[PDB]
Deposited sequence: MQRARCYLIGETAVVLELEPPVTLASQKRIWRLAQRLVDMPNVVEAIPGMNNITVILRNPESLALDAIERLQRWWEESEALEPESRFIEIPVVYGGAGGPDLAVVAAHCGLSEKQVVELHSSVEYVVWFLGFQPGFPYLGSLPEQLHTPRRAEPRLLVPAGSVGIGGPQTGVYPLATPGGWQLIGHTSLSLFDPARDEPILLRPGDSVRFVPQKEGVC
């Protein structure tokens, strides 16, 4: 079931019950296109089975936001290949991640590449994907260079910036996920299908 709570006086958060689902996130992606295509919505930030819609005219739209986002929710109407250079300097924890999972370096790079991941949402840093559902066999305990692929329990992703991280790094990427001067600054959008391509 859905709940609609006011987050301050400028946003409304639509959430869903804790057992998350890919079908519920698909509608959240579909609603995030609809919400940003009108003048009254400054931003539409999706999360985990939830979407935060900030408003430009909250004085009128505030109470309406609890009656309107619930109804729009009842209606609920790309493929990118990232080149990852696994092991060596890019992935120093590749040897340690292969030890815990009980599979060699080639086996841990073969199933990590086989899974075609989808972007649930972007947050924390500019252009950082929360890639959902990593194989249950590849799960393992926890400044990192930019474009570094790493693992952290059930979560897997890429580091677009140079910041201190706790994930075990299994590889590195040359393709910039966040580039402030390209044309399309952020590569990944919510709902895109990420694939990781090995190189050595």
{"property": "Stretches with no C-alpha position, numbering per deposited sequence from 1", "result": "1-2, 80-85, 151-156, 215-218"}
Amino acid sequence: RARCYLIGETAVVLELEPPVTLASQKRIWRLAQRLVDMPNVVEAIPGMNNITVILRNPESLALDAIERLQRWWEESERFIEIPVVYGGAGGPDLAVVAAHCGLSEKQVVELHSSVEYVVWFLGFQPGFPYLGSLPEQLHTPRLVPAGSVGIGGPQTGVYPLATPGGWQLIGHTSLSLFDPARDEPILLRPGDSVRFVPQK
From here on, numbers count along this sequence of modelled residues.
query: Mean Cα B-factor comparison, 64-72 or 48-56, giving the higher one as deposited; finding: 64-72
query: Given 171-179 and 132-140, the range whose Cα B-factors average higher in the PDB entry; finding: 132-140
query: Highest-ranked of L122, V97, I82, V118 once sorted by CA temperature factor in the record; finding: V97
query: Within-chain third of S113 by Cα B-factor, per the entry; finding: lowest
query: Chain thirds of CA B-factor: placement of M38; finding: highest
query: Chain third (lowest, middle, highest) by recorded CA B-factor, residue given as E15; finding: lowest
query: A32 - which third its CA temperature factor falls in, relative to the rest of the chain; finding: lowest
query: Modelled-residue ranking by C-alpha temperature factor, third containing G157; finding: lowest
